[PDB]
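Below is one structure, written out as structure tokens; the observations come after it.
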Amino acid sequence: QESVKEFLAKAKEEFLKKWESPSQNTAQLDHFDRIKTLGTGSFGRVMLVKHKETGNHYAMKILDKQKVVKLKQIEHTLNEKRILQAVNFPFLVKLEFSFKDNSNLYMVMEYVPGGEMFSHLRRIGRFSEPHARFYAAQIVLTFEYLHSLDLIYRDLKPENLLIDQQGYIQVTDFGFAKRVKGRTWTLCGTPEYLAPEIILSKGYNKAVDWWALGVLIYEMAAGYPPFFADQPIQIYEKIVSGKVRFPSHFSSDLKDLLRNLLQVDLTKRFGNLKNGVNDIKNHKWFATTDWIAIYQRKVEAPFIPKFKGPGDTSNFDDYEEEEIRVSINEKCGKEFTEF
Ligand SMILES: Oc1ccc2[nH]ccc2c1
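Mind the numbering: the sequence shown is residues 12 to 350 in the authors' numbering, read in order.
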């Protein structure tokens with residue numbers, strides 16, 4: 012489909028130019044006011060900030076260099092920033108600035124006030140198939156884009172999908188994203204979403220993203236993921252088993268697509284066959300999807316999140332507000348030279 016071919020060729024050209032000459036050091040911390048903590052983790056946080064001169068709001072991801080090193084995430088954090096500064100797609104959150112200081116790494120991203128898909132899904136219970144399909148189509152196109160650039164995303168889950176002011180998806184958190192020719196081996200992701208070949212410590216490829224899409228679509232339409240249990244090891248046993256149970260309310264088309272995405276044999280899994288993404292795009296479950304209209308954001312969304320303005324934090328939850336401390340001495344300078 013020459014139109015798609017030429018689109019992806021241009022996309023790769025533009026990505027490669029930025030990939031080979033990454034931007035660095037494009038703002039500093041005291042250009043911003045701190046507003047609110049939007050999320051936390053073992054080695055970083057995300058803050059709502061306001062730029063003091065323009066008044067624009069942003070989501071600032073702050074990574075503690077010493078904790079990144081301790082938790083063996085050095086290459087991953089370098090991956091995240093190098094990839095984010097080089098990509099450009101309607102459903103990827105934009106990196107606006109990055110910089111580092113003696114203690115931390117900073118990625119300043121567009122602020123998406125609608126919150127995580129996770130919150131909306133848990134609030135409503137489950138999405139109707141048209142609603143799930145609207146979001147799934149955006150992920151399909153996003154993975155078509157990323158995979159053409161030799162990128163694997165490796166962290167698809169509802170918490171990483173923000174809903175924007177038009178009700179479209181913005182993918183965030185490229186902490187496990189990686190440029191991979193051939194195979195890669197790192198154990199990473201979230202247990203419920205891991206493909207069998209990750210669990211079994213194999214060399215794996217982009218097929219793991221298509222498996223995760225199967226998990227996401229199931230969870231969106233059912234309200235719960237297909238492989239669920241108290242301990243990860245019990246989850247992993249279900250994932251590798253080759254068995255999935257579908258709610259009776261699922262359409263036959265949905266069940267058929269999901270059996271082909273949740274295919275334990277990665278050599279038979281949709282997205283990893285000779286026809287690539289088109290086995291998914293042409294599946295009957297997507298028969299009502301106008302792929303170009305989705306890309307162009309011309310489809311009316313299933314819902315618009317409720318929020319009062321670009322500074323509204325109501326769709327995110329409350330965390331202890333901790334200091335952003337910057338040591339008087341540089342930490343881990345060598346490890347993060349390229350950031
Ligand atoms: O706009 C954004 C971007 C990344 C994020 N991570 C957590 C909240 C959040 C908001």
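From the three backbone atoms N, C-alpha and C, an ideal C-beta is built for every residue, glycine too.
Identify which residue in the options has its Cα closest to the Cα of residue i.
| i | options | result |
| --- | --- | --- |
| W222 | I250, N340, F297, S109 | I250 |
| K29 | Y146, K92, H260, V57 | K92 |
| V191 | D161, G200, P169 | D161 |
| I210 | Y229, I180, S252 | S252 |
| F100 | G126, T348, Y156 | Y156 |
| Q96 | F108, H87, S263 | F108 |
| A38 | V119, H131, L59, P258 | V119 |
Roughly how many angstroms lie between the CA atoms of residue i and residue j, to the nearest whole one?
| i | j | result |
| --- | --- | --- |
| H68 | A304 | 29 Å |
| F54 | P243 | 22 Å |
| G234 | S114 | 40 Å |
| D328 | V123 | 14 Å |
| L205 | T197 | 12 Å |
| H62 | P236 | 39 Å |
| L89 | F350 | 6 Å |
| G193 | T51 | 33 Å |
| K78 | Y117 | 14 Å |
| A188 | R165 | 6 Å |
| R56 | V337 | 14 Å |
| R144 | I228 | 8 Å |
Do residue i and residue j have their C-beta atoms closer together than 8 Å?
| i | j | result |
| --- | --- | --- |
| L224 | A147 | yes |
| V182 | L103 | yes |
| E203 | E170 | no |
| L49 | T300 | no |
| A70 | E121 | yes |
| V275 | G282 | no |
| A240 | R280 | no |
Kindly indicate which three-state DSSP category residue i falls into: helix, strand or coil?
| i | result |
| --- | --- |
| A148 | helix |
| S130 | helix |
| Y215 | strand |
| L273 | coil |
| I180 | strand |
| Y204 | helix |
| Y235 | coil |
Exercise for the section: Could you name the residues whose beta carbon sits closer than 6 Å to any heavy atom belonging to ligand 1, keeping them in chain order? Expected result: After applying the 6 Å Cβ criterion, the set is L49, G50, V57, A70, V104, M120, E121, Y122, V123, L173, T183.
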